[PDB]
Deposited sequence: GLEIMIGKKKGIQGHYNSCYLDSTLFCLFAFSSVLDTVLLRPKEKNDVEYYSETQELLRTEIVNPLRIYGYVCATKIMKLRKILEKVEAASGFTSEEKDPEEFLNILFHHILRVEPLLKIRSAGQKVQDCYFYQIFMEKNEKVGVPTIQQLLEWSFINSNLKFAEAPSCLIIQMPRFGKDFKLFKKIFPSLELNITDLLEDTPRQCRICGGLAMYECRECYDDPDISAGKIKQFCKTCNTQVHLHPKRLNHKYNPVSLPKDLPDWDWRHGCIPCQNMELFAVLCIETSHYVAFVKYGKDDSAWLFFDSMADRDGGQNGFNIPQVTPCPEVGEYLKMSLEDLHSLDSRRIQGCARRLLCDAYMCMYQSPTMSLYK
């Protein structure tokens, strides 16, 4: 399978300032059908004059080739670059927005709302930290962000792209973060059977005021069925908690867009095996791309959080370090979405 994708002269070909495409495009289509529908979608009366060209190009000269040979000409990456300008310090974000939102007119992959407010569409989510006591997990982090900002997914995403926290005055500074091999969003989705914490029933009530209570499943979001809700709030301390009704399916990590100095690289996943990892260096008169195997980013990946905390990030592999310490985006999807059945 991935035999035609691995080695030198493999992947998307780099050209000067191309990496912010090479990488993200490699991510979104290397081994993943998540967006293949944007590829097939017929044009409709309200599309743009270069909708079609940008579809043929992307599918025909870029995605089809990369999938079938494992290589792509930086010349085709350049044909797209041109188009972009018609509509157009470039970033993966700016890139998605323009191609998907502006040209191709893809339904926003993320549907989000806070507290009976207007529903917010978007193509990726930016998670934010705030001072906390170990090495973080995307689970934790995603959850704390949805809490602090008071949000839920209206419908579940098939594609979830998560921007990592940038700590520079505005950006350009990262931490040591754990990219959860899987993502559980049940308790973050709207109309979905949530499990009452105590008995393991069907939760009818979530309460924010409870998150800060260490004595009931510390750190977990707090939700209880009707019966377990009544007890919890007959405790003198919780008499006032303004709990509310919760209204009346796991995502897999398939790609870690990373950032080094000014240069983006990509980790993609090529099989459910823990070790099933490939590194892809874009610029690895012309550059030579390299999709190299990456079983190392797995041995470290089965190491306890506060271990990853004690270990010196500098003293670790030339793969792992990057994915752990330099993660830029992490993408997730329905486990039904790899390019292998």
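| query | Where does the model have holes with respect to the deposited sequence? | reply | Sequence ranges with no C-alpha atoms are 89 to 96, 141 to 142, 259 to 274, 311 to 317.
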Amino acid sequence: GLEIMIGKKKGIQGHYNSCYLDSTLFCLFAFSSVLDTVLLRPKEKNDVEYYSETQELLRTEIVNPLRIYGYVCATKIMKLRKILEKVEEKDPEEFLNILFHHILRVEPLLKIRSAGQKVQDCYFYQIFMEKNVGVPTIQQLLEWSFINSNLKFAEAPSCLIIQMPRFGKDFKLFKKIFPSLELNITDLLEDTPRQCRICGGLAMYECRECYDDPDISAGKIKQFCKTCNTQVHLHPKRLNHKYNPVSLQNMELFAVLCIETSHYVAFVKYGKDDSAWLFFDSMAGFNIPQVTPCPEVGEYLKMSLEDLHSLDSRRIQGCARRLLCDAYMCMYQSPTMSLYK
From here on, numbers count along this sequence of modelled residues.
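| said: I need to verify one thing: averaged over C-alpha atoms only, is the B-factor higher for 24 to 32 or for 308 to 316? | reply: Mean C-alpha B-factor is greater for 308 to 316.
| Higher-B stretch (mean Cα B-factor, as the entry records it), 41 to 49 or 56 to 64 | According to the entry, 41 to 49 carries the higher average C-alpha B-factor.
| task | Between 236, 219, 116, 92, let me know which has the highest C-alpha B-factor in the entry? | result | So the option with the highest C-alpha B-factor is 116.
| message | Just to confirm, going by the entry's C-alpha B-factors, which of 267, 205, 264, 128 comes out highest? | response | It is 128.
| said: Please place residue 333 in the lowest, middle or highest third of its chain according to the CA B-factor in the PDB entry. | reply: Tercile = lowest for this residue's CA B-factor.
| message | Quick check for you: using the entry's CA B-factors within this chain, is residue 166 in the lowest, middle or highest third? | response | Highest third - that is where residue 166 ends up once the chain's C-alpha B-factors are sorted.
| With respect to C-alpha B-factor, does residue 121 fall in the lowest, middle or highest third of the chain as deposited? | Highest third, going by the recorded CA B-factors of the chain.
| field | Chain-relative CA temperature factor third for residue 297 | value | As the PDB entry reports it, the C-alpha B-factor of residue 297 lands in the highest third of its chain.
| query | Within this chain, which third does the Cα B-factor at residue 103 fall in: lowest, middle or highest? | reply | Middle third - that is where residue 103 ends up once the chain's C-alpha B-factors are sorted.
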